[PDB]
Amino acid sequence: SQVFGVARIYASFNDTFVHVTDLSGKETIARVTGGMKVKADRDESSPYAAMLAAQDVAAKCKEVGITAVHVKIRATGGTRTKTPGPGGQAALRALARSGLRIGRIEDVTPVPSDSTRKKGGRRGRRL
Amino acid sequence: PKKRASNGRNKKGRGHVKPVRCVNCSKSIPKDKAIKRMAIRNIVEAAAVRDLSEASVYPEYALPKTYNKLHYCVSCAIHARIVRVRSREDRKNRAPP
Amino acid sequence: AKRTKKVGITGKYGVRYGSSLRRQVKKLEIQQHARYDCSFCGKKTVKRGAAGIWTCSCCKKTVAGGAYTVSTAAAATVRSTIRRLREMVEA
Amino acid sequence: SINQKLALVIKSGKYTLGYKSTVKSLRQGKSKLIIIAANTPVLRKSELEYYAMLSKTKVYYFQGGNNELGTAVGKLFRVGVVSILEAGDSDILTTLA
Amino acid sequence: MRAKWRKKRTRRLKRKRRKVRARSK
Amino acid sequence: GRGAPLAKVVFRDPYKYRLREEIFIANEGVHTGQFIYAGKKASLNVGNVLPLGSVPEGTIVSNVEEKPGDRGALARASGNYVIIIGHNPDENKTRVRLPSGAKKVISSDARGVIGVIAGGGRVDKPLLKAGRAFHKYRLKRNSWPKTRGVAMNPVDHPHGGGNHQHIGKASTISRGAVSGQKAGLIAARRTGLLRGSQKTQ
Amino acid sequence: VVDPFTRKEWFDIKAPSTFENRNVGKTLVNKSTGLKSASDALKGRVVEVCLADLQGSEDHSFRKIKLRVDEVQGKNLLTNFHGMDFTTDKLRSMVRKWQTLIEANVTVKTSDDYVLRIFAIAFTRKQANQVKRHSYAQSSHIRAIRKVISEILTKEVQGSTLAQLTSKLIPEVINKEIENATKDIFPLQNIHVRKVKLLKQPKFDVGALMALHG
RNA sequence: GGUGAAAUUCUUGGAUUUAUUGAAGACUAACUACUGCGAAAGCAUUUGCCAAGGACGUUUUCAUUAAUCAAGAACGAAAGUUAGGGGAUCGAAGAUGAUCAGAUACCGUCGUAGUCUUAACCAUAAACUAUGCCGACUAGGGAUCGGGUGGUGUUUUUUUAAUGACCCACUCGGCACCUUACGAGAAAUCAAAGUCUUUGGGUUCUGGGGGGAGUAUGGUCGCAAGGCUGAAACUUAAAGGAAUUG
Ligand SMILES: [Mg+2]
Ligand SMILES: [Mg+2]
Ligand SMILES: [Mg+2]
Ligand SMILES: [Mg+2]
Ligand SMILES: [Mg+2]
Ligand SMILES: [Mg+2]
Ligand SMILES: [Mg+2]
Ligand SMILES: [Mg+2]
Ligand SMILES: [Mg+2]
Ligand SMILES: [Mg+2]
Ligand SMILES: [Mg+2]
Ligand SMILES: [Mg+2]
Ligand SMILES: [Mg+2]
Ligand SMILES: [Mg+2]
Ligand SMILES: [Mg+2]
Ligand SMILES: [Mg+2]
Ligand SMILES: [Mg+2]
Ligand SMILES: [Mg+2]
Ligand SMILES: [Mg+2]
Ligand SMILES: [Mg+2]
Ligand SMILES: [Mg+2]
Ligand SMILES: [Mg+2]
Ligand SMILES: [Mg+2]
Ligand SMILES: [Mg+2]
Ligand SMILES: [Zn+2]
Ligand SMILES: [Zn+2]
């Protein structure tokens, strides 16, 4: 029905990323992350900032090619915390409530088979 | 004196297991001692469940949630997640709830 | 009886040059003077002269090789890597 | 296995070891089967091979060197070629070989 | 003080008495 | 005076009845009596000599031509070799990593011989006494032994001179320095103890 | 003051033969100019679209597909089969504790010469009457099944290109034949071909590429 | 980017992010469990080969061939050492950004050695069950691993089988857990830590108030760091265990 694209939301901690690209992926459009719409440098990840970024992100998305987008949510991944970031939920909620269509979304965050020993060493990060 | 017949945690007749890393403070810790939790949570939530199937294509879709294992360091499992602390005889109880 | 507790063949150098140099030499001298198994006649008649030259007592076959040993580790791994890559060209 | 086959022939059969003596066998046709060490030289091989087809003797090329074929025949020296004049209790003459 | 650093403390001292002594050989 | 064994390899002259004897450098494992194959269409075997285009990437070759037909240029010393890191059929080049580690691109019709050069590891053996060093250069040239420029008089050297034995000025000397100036570390881009992982990226 | 959108060309992705719909989506490249145009420049990209989007039925909701694009004509660029993936969520729920996981794979060619590697994944299930809470296998079981999976996986490939290979996978002919030889050893469950990757491909062959198009 | 918050830092070099594709070294996620195995250290992707082993089954064979052990020897986590290779990752040292009154640190960045492997050393770990080994006897319970036996037991249909998985009971031998306590302990607790003043099945090692001290000295091993062996003078009335209450 509509015209599809890929949301590909990388939500880490202490920042959150949202940009639509072509369904092939090689061509990208309109990024505007969460650290853009506010500078507190702490608040870079906040859900209220993520919504602010989804506002400028959905704006151009319907201002160029896309009436619809498939999303792929992603965490830090690799040897890091692997769990969802704060501004992940906010971005989807805010790009869905922008009227834009949603379908068939999955979790693409990188999963190792336990290698490349993690940082902070054996005794862990302690304070 | 010995405060646990499990000692730290369950390994018996093995003598070496292999350590995992804390998902929080990244401390090493034997898998037998790991204090593990399954994370079962929807990609969406209580708020966005409606806003999901509303503005979206497909008949209500699927809603394919996300699952991963968590490992904690004690000191970091004590700091937050299932620990509390328990009485002399409350300790022994292995009941999950 | 046993002659030397360590120095072995390196005993000729007497007290000189310092231990670590004698020990380092003793490895490779021992390595170069020894007789090796011939890849042809099967008897270990292969000895050395000069450097990279390894010849066989009978059979008169002479095979180029490492300086103080016959097969060098390097070539050893080159043997296999060609044994690999050559087979890409048939099957 | 193929060496197990030879350990039978050696104790239960009749044979000759070496080059010249199997050439004697090949010319008198006394050889049913000969066996060749993988490290034995090629010229000799093709000669052995020629005499063989003139004796209509079947030829199995043993994979291994003379050192091992010597260990194969239960002898402390080495052997480049074996000849079987009489197969004993062993089945080597009619088999995969 | 911690046994392990007290083990270090005596390990060092054994090493320095070693020096000082060998000077006398 | 060469640290590597050579190999005399005899062919037939295609244009005249005669035997023509070349001189190769012996790649480890080659031997008296072995058959050596030479050409674009040739097998991949230690000692045969092929154009670099005609061997797959990963190939380990010696004595390779810089220009195609200079009868060999790169990696002639004992133990040295070059590895093809792959080709560009269009304008038919081939990229390689020389013993220095440097990466050069040459013609695919540049010829090389499979394997590594023999006499490997000659350098791992301590030269021990002076004489061994001596006789080493006896067959090379008169380079040995070396007098420190700091040991001579000012006439004899830039480093020469002083009531104490010393260099007196930086021992790094520019590229544009002039004959009789350059003695030292010449055009050095850094100096001091090499700390940490070396090689390349 | 540029706005490349006033520059960028547009394009539409056409799907291959054995599927439901050939119509896929849109894309952005650039205008086709002399000296680095829009044609030979890219076009070789891939698209990940769940085949439940491609087939339209929801029984196929998992099982993603990568489509490499070969040629282009008249604002219409086809695509071919670059591989198949499993959805991350399905696998993650597919993996449950209290049981045995089994995986095997093999590298195999086809008649139209293509090299790939197909995987498999299976799980051990209890039985209708089964009292014990886990149901593991005997590890001789585990070795045997892989040999059987390998026995069966190789036969299906060299299956006349990827064409007949693609039409084999969609119905899960494979899955069932696995279950067949399997039951004589252990009951199991699930048993999907999971992922298959393409590490090598033949020359272009403009003629045979058009076999799936029309 | 990173954090409690910041900074050091990276960004006309399109940084972070996207895509295809490639290389290098390491690791074996999820499955992984009061689950398996090995003398311990230790051991988790596939396949092939090389040899090894327990438990079981046994109306097989030998026939006291055994039990435990100074001397002596095989192995031996990590770090560490020598000689190559490797050197992604993480990262003692070092240099830094911060925090502090100070902050040689905790947190952030850079990163040498190390981490990986081959050959050769080293021989220590809270190497722990802080609990020697062989034999016997003494008590109840449901789980589980491996082997076996028993069936007009279920499930797989092809035509019933045969198989395979599964269920029930029983029995050897495992890893464990539960409940009791006859009994034991100073107690915490222990199916051994029980069958000890009603004190004896065999056998090896170690300890004899706390410091001094695992120091001094000798001998021996090692390239080193260090390993084994290992005192005394003097000092001191407690040190210490488990539990009770504040
Ligand atoms: Mg804390
Ligand atoms: Mg305590
Ligand atoms: Mg443990
Ligand atoms: Mg241990
Ligand atoms: Mg002196
Ligand atoms: Mg001179
Ligand atoms: Mg000098
Ligand atoms: Mg000099
Ligand atoms: Mg000098
Ligand atoms: Mg002078
Ligand atoms: Mg001067
Ligand atoms: Mg000057
Ligand atoms: Mg001077
Ligand atoms: Mg000086
Ligand atoms: Mg695995
Ligand atoms: Mg490093
Ligand atoms: Mg520092
Ligand atoms: Mg400071
Ligand atoms: Mg000890
Ligand atoms: Mg312990
Ligand atoms: Mg009992
Ligand atoms: Mg039965
Ligand atoms: Mg009592
Ligand atoms: Mg005191
Ligand atoms: Zn932790
Ligand atoms: Zn010979």
# chains A, B, ... in the order shown; residues from 1 in each chain; ligands from 1
>>> residues_near_ligand(ligand="ligand 14", cutoff="12 Å", atoms="only C-alpha atoms (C1' of nucleotides) and all ligand atoms", output="list in words")
residues 148, 149, 150, 151, 159, 160, 161, 162, 163, 164, 165, 166, 167 and 168 of chain F
>>> residues_around(residues="residue 38 in chain D", least_positions_apart="2", cutoff="10 Å", atoms="only C-alpha atoms (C1' of nucleotides)", output="PDB file with N, CA and C atoms, in the first residue's frame")
ATOM      1  N   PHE C  40      64.128 -39.766   0.731  1.00  0.00           N
ATOM      2  CA  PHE C  40      64.259 -40.628  -0.427  1.00  0.00           C
ATOM      3  C   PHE C  40      64.605 -42.070  -0.032  1.00  0.00           C
TER       4      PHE C  40
ATOM      5  N   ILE D  35      54.058 -55.895  -3.255  1.00  0.00           N
ATOM      6  CA  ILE D  35      53.683 -54.663  -2.565  1.00  0.00           C
ATOM      7  C   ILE D  35      54.822 -53.644  -2.566  1.00  0.00           C
ATOM      8  N   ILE D  36      54.497 -52.379  -2.824  1.00  0.00           N
ATOM      9  CA  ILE D  36      55.533 -51.365  -3.042  1.00  0.00           C
ATOM     10  C   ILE D  36      55.493 -50.187  -2.060  1.00  0.00           C
ATOM     11  N   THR D  40      59.902 -45.785  -2.295  1.00  0.00           N
ATOM     12  CA  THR D  40      60.786 -46.463  -3.242  1.00  0.00           C
ATOM     13  C   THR D  40      60.807 -45.657  -4.546  1.00  0.00           C
ATOM     14  N   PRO D  41      61.967 -45.617  -5.222  1.00  0.00           N
ATOM     15  CA  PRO D  41      62.126 -44.765  -6.403  1.00  0.00           C
ATOM     16  C   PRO D  41      61.231 -45.207  -7.547  1.00  0.00           C
ATOM     17  N   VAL D  42      60.907 -44.270  -8.431  1.00  0.00           N
ATOM     18  CA  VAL D  42      59.888 -44.477  -9.451  1.00  0.00           C
ATOM     19  C   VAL D  42      60.356 -45.379 -10.575  1.00  0.00           C
ATOM     20  N   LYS D  45      60.051 -48.673  -9.630  1.00  0.00           N
ATOM     21  CA  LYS D  45      58.638 -48.991  -9.556  1.00  0.00           C
ATOM     22  C   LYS D  45      58.147 -49.416 -10.930  1.00  0.00           C
ATOM     23  N   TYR D  61      50.330 -50.841  -4.254  1.00  0.00           N
ATOM     24  CA  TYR D  61      51.295 -49.855  -3.798  1.00  0.00           C
ATOM     25  C   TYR D  61      50.980 -49.528  -2.349  1.00  0.00           C
ATOM     26  N   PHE D  62      51.853 -49.987  -1.464  1.00  0.00           N
ATOM     27  CA  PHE D  62      51.691 -49.762  -0.044  1.00  0.00           C
ATOM     28  C   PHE D  62      51.901 -48.284   0.204  1.00  0.00           C
ATOM     29  N   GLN D  63      51.021 -47.655   0.986  1.00  0.00           N
ATOM     30  CA  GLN D  63      51.218 -46.244   1.322  1.00  0.00           C
ATOM     31  C   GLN D  63      51.984 -46.153   2.640  1.00  0.00           C
ATOM     32  N   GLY D  64      53.251 -45.780   2.512  1.00  0.00           N
ATOM     33  CA  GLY D  64      54.193 -45.756   3.612  1.00  0.00           C
ATOM     34  C   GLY D  64      55.568 -45.987   3.013  1.00  0.00           C
ATOM     35  N   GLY D  65      56.607 -45.831   3.823  1.00  0.00           N
ATOM     36  CA  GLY D  65      57.970 -45.962   3.344  1.00  0.00           C
ATOM     37  C   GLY D  65      58.509 -47.356   3.566  1.00  0.00           C
ATOM     38  N   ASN D  66      59.741 -47.583   3.135  1.00  0.00           N
ATOM     39  CA  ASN D  66      60.364 -48.885   3.317  1.00  0.00           C
ATOM     40  C   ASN D  66      60.570 -49.187   4.792  1.00  0.00           C
ATOM     41  N   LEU D  69      57.122 -50.566   5.971  1.00  0.00           N
ATOM     42  CA  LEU D  69      56.863 -51.850   5.310  1.00  0.00           C
ATOM     43  C   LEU D  69      57.735 -52.950   5.910  1.00  0.00           C
ATOM     44  N   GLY D  80      61.798 -52.341   0.603  1.00  0.00           N
ATOM     45  CA  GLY D  80      61.251 -51.546  -0.484  1.00  0.00           C
ATOM     46  C   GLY D  80      60.120 -52.208  -1.248  1.00  0.00           C
ATOM     47  N   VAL D  81      60.238 -53.519  -1.470  1.00  0.00           N
ATOM     48  CA  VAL D  81      59.182 -54.302  -2.116  1.00  0.00           C
ATOM     49  C   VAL D  81      59.044 -55.687  -1.495  1.00  0.00           C
TER      50      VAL D  81
END
>>> interface_residues(of="chain B", to="chain H", cutoff="8 Å", atoms="only C-alpha atoms (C1' of nucleotides)", output="ChimeraX atom specification")
/B:1-2,10-13,16,69
>>> write_last_selection(atoms="N, CA, C and O atoms", output="short mmCIF file (atom, residue, chain, number, x, y, z; two decimals), in the first residue's frame")
data_model
loop_
_atom_site.label_atom_id
_atom_site.label_comp_id
_atom_site.auth_asym_id
_atom_site.auth_seq_id
_atom_site.Cartn_x
_atom_site.Cartn_y
_atom_site.Cartn_z
N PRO B 1 32.12 -19.07 61.37
CA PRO B 1 32.09 -20.41 60.77
C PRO B 1 31.44 -20.43 59.39
O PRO B 1 30.95 -19.40 58.91
N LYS B 2 31.42 -21.61 58.79
CA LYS B 2 30.78 -21.80 57.51
C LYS B 2 29.35 -21.29 57.63
O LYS B 2 28.64 -21.70 58.53
N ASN B 10 26.10 -23.18 44.03
CA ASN B 10 26.14 -24.61 43.73
C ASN B 10 27.21 -24.98 42.70
O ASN B 10 27.12 -24.65 41.52
N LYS B 11 28.25 -25.64 43.19
CA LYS B 11 29.10 -26.49 42.38
C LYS B 11 29.57 -27.62 43.31
O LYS B 11 30.16 -27.35 44.36
N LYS B 12 29.31 -28.87 42.95
CA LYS B 12 29.76 -30.00 43.78
C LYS B 12 30.23 -31.17 42.94
O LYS B 12 29.45 -31.72 42.16
N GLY B 13 31.49 -31.58 43.13
CA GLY B 13 32.09 -32.66 42.35
C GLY B 13 32.57 -32.20 40.97
O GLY B 13 32.72 -32.99 40.04
N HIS B 16 36.27 -26.95 38.96
CA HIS B 16 36.39 -25.70 38.21
C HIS B 16 35.27 -25.52 37.21
O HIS B 16 35.07 -26.34 36.33
N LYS B 69 19.52 -13.34 28.80
CA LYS B 69 19.96 -13.75 30.12
C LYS B 69 20.79 -12.66 30.78
O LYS B 69 21.60 -11.99 30.13
#
>>> closest_residue(among="A:9, A:75, A:3, A:51", to="chain G", atoms="only C-alpha atoms")
A:3
>>> interface_residues(of="chain G", to="chain H", cutoff="10 Å", atoms="only C-alpha atoms (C1' of nucleotides)", output="MDAnalysis selection string")
chainID G and resid 42 44:46 91:92 95:106 123 126:132 134:135 143 146:147 182:188
>>> select_by_dssp(residues="chain F", states="strand (DSSP E)", output="CSV table (one decimal) with N, CA and C atoms, in the first residue's frame")
chain,number,residue,atom,x,y,z
F,6,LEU,N,72.7,-21.7,-4.0
F,6,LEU,CA,72.1,-21.5,-5.3
F,6,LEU,C,71.8,-22.8,-5.9
F,7,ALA,N,71.1,-22.8,-7.0
F,7,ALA,CA,70.7,-24.1,-7.7
F,7,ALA,C,70.9,-23.9,-9.1
F,8,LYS,N,71.8,-24.8,-9.7
F,8,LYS,CA,72.1,-24.7,-11.1
F,8,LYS,C,71.0,-25.5,-11.8
F,9,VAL,N,70.2,-24.9,-12.7
F,9,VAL,CA,69.1,-25.6,-13.3
F,9,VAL,C,69.2,-25.6,-14.8
F,10,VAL,N,69.4,-26.8,-15.4
F,10,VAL,CA,69.6,-26.9,-16.8
F,10,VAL,C,68.4,-27.3,-17.7
F,11,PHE,N,68.3,-26.5,-18.7
F,11,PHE,CA,67.2,-26.6,-19.7
F,11,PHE,C,67.6,-27.0,-21.1
F,12,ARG,N,66.7,-27.1,-22.0
F,12,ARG,CA,67.1,-27.3,-23.4
F,12,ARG,C,66.8,-26.0,-24.1
F,19,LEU,N,72.4,-27.5,-24.4
F,19,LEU,CA,71.9,-27.4,-23.1
F,19,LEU,C,72.3,-26.0,-22.5
F,20,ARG,N,71.3,-25.3,-22.0
F,20,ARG,CA,71.6,-24.0,-21.4
F,20,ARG,C,71.3,-24.0,-19.9
F,21,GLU,N,72.4,-23.6,-19.2
F,21,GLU,CA,72.4,-23.7,-17.7
F,21,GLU,C,72.1,-22.4,-17.0
F,22,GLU,N,71.0,-22.3,-16.4
F,22,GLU,CA,70.6,-21.1,-15.6
F,22,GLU,C,71.2,-21.2,-14.2
F,23,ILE,N,71.0,-20.2,-13.4
F,23,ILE,CA,71.4,-20.2,-12.0
F,23,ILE,C,70.3,-19.6,-11.2
F,24,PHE,N,69.6,-20.4,-10.3
F,24,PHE,CA,68.5,-20.0,-9.5
F,24,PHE,C,69.0,-19.8,-8.1
F,25,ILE,N,68.1,-19.4,-7.3
F,25,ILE,CA,68.4,-19.4,-5.8
F,25,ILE,C,67.5,-20.5,-5.2
F,49,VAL,N,58.4,-21.8,-11.6
F,49,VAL,CA,58.4,-20.4,-11.7
F,49,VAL,C,57.3,-19.8,-12.6
F,50,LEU,N,56.4,-19.1,-11.9
F,50,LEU,CA,55.1,-18.7,-12.5
F,50,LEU,C,55.0,-17.1,-12.5
F,51,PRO,N,54.3,-16.6,-13.5
F,51,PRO,CA,53.8,-15.2,-13.4
F,51,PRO,C,52.9,-15.0,-12.3
F,60,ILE,N,53.1,-18.2,-1.8
F,60,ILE,CA,54.3,-17.8,-1.2
F,60,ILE,C,55.5,-18.0,-2.2
F,61,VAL,N,56.1,-16.9,-2.7
F,61,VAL,CA,57.1,-17.0,-3.8
F,61,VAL,C,58.4,-16.2,-3.4
F,62,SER,N,59.4,-16.5,-4.2
F,62,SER,CA,60.7,-15.9,-4.0
F,62,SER,C,61.3,-15.3,-5.3
F,82,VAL,N,57.9,-13.3,-0.5
F,82,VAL,CA,56.8,-12.4,-0.7
F,82,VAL,C,55.5,-13.1,-0.9
F,83,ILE,N,54.4,-12.5,-0.3
F,83,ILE,CA,53.1,-13.1,-0.4
F,83,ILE,C,52.2,-12.2,-1.2
F,84,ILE,N,51.5,-12.9,-2.1
F,84,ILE,CA,50.5,-12.2,-2.9
F,84,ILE,C,49.2,-11.9,-2.1
F,85,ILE,N,48.9,-10.7,-1.9
F,85,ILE,CA,47.6,-10.3,-1.2
F,85,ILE,C,46.5,-10.1,-2.2
F,86,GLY,N,46.6,-10.5,-3.4
F,86,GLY,CA,45.6,-10.5,-4.4
F,86,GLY,C,45.7,-9.6,-5.6
F,87,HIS,N,44.8,-9.8,-6.6
F,87,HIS,CA,45.1,-9.2,-7.9
F,87,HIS,C,44.0,-8.3,-8.4
F,88,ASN,N,44.4,-7.4,-9.4
F,88,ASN,CA,43.4,-6.6,-10.1
F,88,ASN,C,43.6,-6.9,-11.6
F,93,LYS,N,47.3,-6.2,-12.5
F,93,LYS,CA,48.4,-6.0,-11.5
F,93,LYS,C,48.3,-7.1,-10.5
F,94,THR,N,49.3,-7.1,-9.6
F,94,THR,CA,49.2,-8.0,-8.4
F,94,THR,C,49.8,-7.2,-7.2
F,95,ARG,N,49.2,-7.3,-6.1
F,95,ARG,CA,49.7,-6.7,-4.9
F,95,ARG,C,50.4,-7.7,-4.0
F,96,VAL,N,51.5,-7.3,-3.4
F,96,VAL,CA,52.3,-8.1,-2.6
F,96,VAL,C,52.9,-7.4,-1.4
F,97,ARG,N,53.3,-8.2,-0.4
F,97,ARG,CA,54.0,-7.8,0.8
F,97,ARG,C,55.4,-8.3,0.9
F,103,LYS,N,54.2,-2.9,0.9
F,103,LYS,CA,53.2,-3.4,0.0
F,103,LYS,C,53.5,-2.8,-1.4
F,104,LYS,N,53.8,-3.6,-2.3
F,104,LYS,CA,54.1,-3.1,-3.7
F,104,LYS,C,53.2,-3.8,-4.6
F,105,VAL,N,52.8,-3.1,-5.7
F,105,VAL,CA,52.1,-3.6,-6.8
F,105,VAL,C,53.0,-3.7,-8.0
F,106,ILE,N,52.9,-4.8,-8.7
F,106,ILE,CA,53.7,-5.0,-9.9
F,106,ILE,C,52.9,-5.7,-11.0
F,107,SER,N,53.5,-6.0,-12.1
F,107,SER,CA,52.8,-6.6,-13.2
F,107,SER,C,52.4,-8.0,-12.9
F,111,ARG,N,57.3,-12.5,-13.0
F,111,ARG,CA,57.5,-13.9,-12.7
F,111,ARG,C,58.1,-14.1,-11.3
F,112,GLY,N,57.7,-15.2,-10.6
F,112,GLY,CA,58.3,-15.5,-9.3
F,112,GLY,C,58.4,-17.0,-9.2
F,113,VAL,N,59.2,-17.5,-8.2
F,113,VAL,CA,59.3,-18.9,-8.0
F,113,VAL,C,58.8,-19.3,-6.6
F,114,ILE,N,57.9,-20.3,-6.6
F,114,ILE,CA,57.2,-20.8,-5.5
F,114,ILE,C,58.1,-21.2,-4.3
F,172,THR,N,70.9,13.2,14.6
F,172,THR,CA,70.1,13.1,13.4
F,172,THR,C,70.4,14.2,12.3
F,173,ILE,N,70.4,13.8,11.1
F,173,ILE,CA,71.0,14.6,10.0
F,173,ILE,C,69.9,14.6,8.9
F,185,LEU,N,72.2,9.0,12.3
F,185,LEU,CA,70.9,8.6,11.9
F,185,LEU,C,70.4,9.6,10.9
F,186,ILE,N,70.2,9.1,9.7
F,186,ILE,CA,70.0,10.0,8.5
F,186,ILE,C,68.5,10.1,8.1
>>> residues_near_ligand(ligand="ligand 11", cutoff="6 Å", atoms="only C-alpha atoms (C1' of nucleotides) and all ligand atoms", output="ChimeraX atom specification")
/F:154-155,157-158
